[PDB]
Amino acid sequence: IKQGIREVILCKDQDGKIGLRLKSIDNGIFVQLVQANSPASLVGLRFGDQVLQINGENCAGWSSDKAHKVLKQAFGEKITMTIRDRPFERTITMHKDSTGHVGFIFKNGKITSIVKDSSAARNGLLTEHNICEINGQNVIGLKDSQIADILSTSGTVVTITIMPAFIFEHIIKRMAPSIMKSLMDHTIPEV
């Protein structure tokens, strides 16, 4: 996770979509979903990002509905959002053994045990943390099998963005785990 507040400027697509779902957490507004191909993905919005401001209005204390309401009335052309980078998340860098193992177990995207004498051990991978990204590639909602694929077919350096499970659960609440799989931006970033 980055350390800074960043400005992003957005343009509603031809259907008046930005590609975002927002969720109220601890009187903040956090990113619950980024739609593949949306304007939100183009400006590089990410699951777990904080929206501090929309059009230079503070989001402090908004309902999930008021956030979504506010968005539906922006002057179309230009939306300024002030973003804090994935404040509930952390990144661990690990190195597979010759066997191609970073050295942990997961289930429903959640780390459940660390294997003794491993890179995951050596780097202090925590259990009870959900996998959010892998080499900066969002993987939330992909079946456990597909997350393993990405680990196999990655390089010897693996970079995992994790979230404490209690906070992960509180964010995805009220979004059935098939829209998680279906329409959450899983694509590598464009340039």
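Residues carry their position along the shown sequence, with the first being 1.
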query	finding
Segment of higher mean CA temperature factor, 150-158 or 61-69	150-158
Entry-level comparison of average CA B-factors, 123-131 and 140-148, reporting the higher stretch	140-148
Third of the chain's Cα B-factor distribution that residue 79 belongs to, per the entry	highest
Chain thirds of CA B-factor: placement of residue 169	lowest
Residue 9 by Cα B-factor - lowest, middle or highest third of the modelled chain	middle
B-factor third for the C-alpha atom of residue 18 within its chain	middle
Residue 112 CA temperature factor, ranked by third within the chain	middle
